[PDB]
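Below you'll find only one chain, the form whose entry title says "closed state", shown as structure tokens.
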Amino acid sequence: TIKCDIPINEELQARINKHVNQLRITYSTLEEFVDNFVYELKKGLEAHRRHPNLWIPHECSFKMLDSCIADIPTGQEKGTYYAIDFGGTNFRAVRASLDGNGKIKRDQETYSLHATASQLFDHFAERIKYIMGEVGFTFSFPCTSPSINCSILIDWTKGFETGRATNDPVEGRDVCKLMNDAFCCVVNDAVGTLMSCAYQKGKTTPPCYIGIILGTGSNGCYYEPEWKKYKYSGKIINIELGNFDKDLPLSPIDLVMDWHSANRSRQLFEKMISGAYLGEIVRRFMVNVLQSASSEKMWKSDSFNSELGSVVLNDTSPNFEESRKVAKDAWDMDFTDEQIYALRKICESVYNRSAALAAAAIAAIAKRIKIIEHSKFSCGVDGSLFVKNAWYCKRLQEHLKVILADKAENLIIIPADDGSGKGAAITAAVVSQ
């Protein structure tokens, strides 16, 4: 709670309090959220028993995809592999080498960003060729993979949008096939994190069963003991939890920002907790509060990132001249001392709601394994929102400690800064073996 004492307007305070109560979250809501989530999950496993290749989104809005990984690696091997990444704010290319134990090194010097797949994969090939001058692959999108070497996607989430031409944009073909034209073992981000938290940590912490990505997207993978009952091969399941529907709270700003998107009526849970939309949400709140006291630029979309929000949050300067530069170079508004308070309040409330819902999702995944009471297990958390934002990591663990009260010290959160980059390489540790 900020609760700044500087004398502010007696009317603007009401417009602040209204929009703050709009974003308020209470534990009576999270306690229903958890049960909604676990019900959805078991229903999705049931549904996967019936039709192992249909989705049928009017039951289990999660498309609980299968990851053919059948062996959580032990971390005892060697090898040097080249790997490609894609999906985040910019793709990467890693030239990694492994150690006989947890340690692992990488070069990974790499760069990235009416447009078809030809020019895109031409850029892919040219970049990997440039980097080649001194195996696996990662695609961070919803893919339906028959086996390890083969993977085909369904659509184009995250706000990304490939051009619409006769050249048949990427959505609708196997990726390993289209890759070889430019030039193994394709995986996703969450499974990559879950793997990378096995080779890395060891001998002191309980094993890891949950992999969470909080960043440009929001996704999760987890380990399931009953993978033999529900017929599909693979110890860990990829939830596409960015598609939760049931009763999540929605302020009108959310409805407006959803009416103005390509993936309309889908990916509703992702649009509240992911880094791609938090800046837009904050900007749209900061207009119904200033009320024509704003500038001409504050009405222009995509003019406030989540990175600037992370700066406004981590504001411990004696005066607030740190965020003043952000406000000035983003909106050309020389804010007084009465409006920066509103800005800080709004950023705090928005990111607080995001952290609370993410913690609720993590706890609801945890309660499903039911091993929390018997023993302990760890969850590896990755993403730009989590590790690159200190104010986030404390609110998240607070909201998590409050939810699963009694059994709190059985789910250890492990930040995994290595990213899915190392996971793409460690993918070889099972296929090669």
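Note that residue numbering follows the sequence shown and begins at 1. In this text, rigid core is short for the largest set of C-alphas that superpose within 1.5 Å between two forms.
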Please classify the unmodelled stretch of the deposited sequence between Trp259 and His260: none, 1 to 3, 4 to 9, or 10 or more residues.
none
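Another form exists, whose entry title says "open state"; not displayed. Remarks below refer to it.
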Residue from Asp329, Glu321, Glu126, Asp334 whose Cα, after superposing the rigid core, lies 2 Å or more away between the shown form and the other one
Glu126
Taking the rigid core as the frame, does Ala293 move its C-alpha by 2 Å or more between the shown form and the other one?
no
For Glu409, is the C-alpha shift between the shown form and the other one 2 Å or more after core superposition?
no
Examine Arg353 after superposing the rigid core and state whether its CA is displaced by 2 Å or more between the shown form and the other one.
no
